[PDB]
Amino acid sequence: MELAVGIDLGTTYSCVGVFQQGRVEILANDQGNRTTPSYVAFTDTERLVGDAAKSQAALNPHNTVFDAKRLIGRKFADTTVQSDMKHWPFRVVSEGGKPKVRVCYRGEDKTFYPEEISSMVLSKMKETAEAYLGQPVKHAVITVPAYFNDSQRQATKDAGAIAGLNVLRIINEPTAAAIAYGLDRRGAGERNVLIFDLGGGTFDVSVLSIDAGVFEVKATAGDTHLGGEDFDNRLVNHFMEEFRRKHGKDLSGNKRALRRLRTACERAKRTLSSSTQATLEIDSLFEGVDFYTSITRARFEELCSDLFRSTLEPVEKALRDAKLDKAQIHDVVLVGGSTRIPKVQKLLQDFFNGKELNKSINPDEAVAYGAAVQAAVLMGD
Ligand SMILES: Nc1ncnc2c1ncn2[C@@H]1O[C@H](COP(=O)(O)OP(=O)(O)O)[C@@H](O)[C@H]1O
Ligand SMILES: [Mg+2]
């Protein structure tokens with residue numbers, strides 16, 4: 001009766017599914033969400049993980065950790081680590097050439113390796129599954145980006161082990177998304193698959209060839225610093241200029257106000273994926289002044305148009321590297337929460353001369369969904 005789970009340990013949002021009784025169930029968390037921010041907050045009395053960690057970042061910025069995936073399996077001296085450090089409000093230090101994050105927890109100075117932070121997220125996902133299933137969960141498939149190296153892969157497996165999971169297999173995110181749609185189980189014949197994965201922090205284009213169930217990654221392109229959080233930042237800039245005009249103050253040096261604004265921006269952005277208009281409502285944003293306004297989809301689309309358009313160059317480069325024409329791609333699959341933006345879908349579809357996109361599985365859940373299938377395969381006979 002033991003079920004294994006599939007876990008997407010994502011840069012910004014993680015997700016857990018289980019293959020049970022015909023179907024794959026993606027599990028809702030402590031606040032009812034099907035994805036969970038990869039955030040851990042250390043307070044005076046609690047260690048919070050996920051949504052409650054993210055929501056109290058405004059008030060406790062130095063002890064609220066995120067982006068651990070960006071440190072995992074790297075050295076402190078790496079140029080990408082030193083660059084990313086300038087943008088984080090939590091301290092990163094060096095221990096034996098390895099990054100650790102430094103925080104205050106229960107009034108005490110503590111340091112943790114990136115795999116320890118990631119194990120806390122994986123422990124939450126494990127317990128989330130246990131609450132739903134009403135039984136122990138001891139086995140998992142965990143996904144990683146196609147470009148992860150061996151030491152990044154081992155360090156992710158260790159995060160799993162530290163969380164009490166026996167890791168059945170570390171599989172690539174784009175391969176998991178293809179498995180989610182059964183693309184490796186369409187009989188004989190090679191197929192070429194393009195995975196367009198636009199997440200919260202990273203953009204990944206992968207060209208896969210599938211034959212007799214064997215996956216080969218033909219090409220990858222993208223940008224590790226393009227994702228939903230950049231669309232949030234465009235909205236943040238728009239609304240701080242609107243706050244200036246409406247209320248006569250610049251809030252660009254008040255970190256707390258900018259963080260509260262960022263939260264309200266991300267919500268508004270999500271609403272614009274299914275409505276043409278969204279309100280933005282924040283009590284006491286700055287010096288006790290409330291900020292209540294709205295924005296159209298069309299205006300959000302203008303604000304990010306260069307960013308959206310830029311996602312097509314990597315698609316083209318990847319196809320070039322794979323030595324394929326776009327008409328030779330059998331399947332295009334939407335992955336990542338940012339591919340729920342209607343304009344992003346229109347841009348990709350027009351690029352593929354009107355080809356229908358695989359998007360029936362919620363793009364932010366597709367990786368966990370394929371991992372769940374794969375975990376079931378590996379538990380089987
Ligand atoms: N309905 C939506 N419309 C637009 N963006 C969304 C929507 N839902 C989630 N997102 C965004 O998707 C990103 C999270 O992507 P996801 O794939 O879940 O995580 P990750 O990229 O860490 O794997 C965030 O920027 C989030 O705001
Ligand atoms: Mg992802």
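Think of each number as a place in line: the chain as shown, counted from 1.
This deposition comes from X-ray crystallography, 2.2 Å.
Cβ atoms are placed via backbone N, Cα and C, with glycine included.
Record features (Swiss-Prot):
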BINDING   10-13, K69, 200-202, 266-273, 337-340  ATP binding site
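On the structure: features taken from Swiss-Prot.
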residue: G10; record: ATP binding site; DSSP (3 states): coil
residue: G201; record: ATP binding site; DSSP (3 states): coil
residue: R267; record: ATP binding site; DSSP (3 states): helix
residue: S273; record: ATP binding site; DSSP (3 states): coil
residue: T339; record: ATP binding site; DSSP (3 states): helix
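Comparing the binding-site residues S273, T339 on other C-beta atoms within 10 angstroms of each C-beta gives the minimum for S273.
Ligand 2 lies under 6 Å from the Cβ of the following binding-site residues, listed in sequence order from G10, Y13, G201, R267, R270: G10. Within the same chain, residues at least six positions away from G201 (ATP binding site) with a Cβ under 8 Å of its Cβ are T11, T12, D67, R70, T224, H225, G227, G228, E229.
The local packing around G10 (ATP binding site), expressed as other Cβ atoms within 10 Å of its Cβ over all shown chains, amounts to 26. Residues within less than 8 Å, Cβ to Cβ, of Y13 (ATP binding site) and separated from it by at least 6 positions along the same chain comprise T35, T36, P37, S38, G199, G200, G337, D364.
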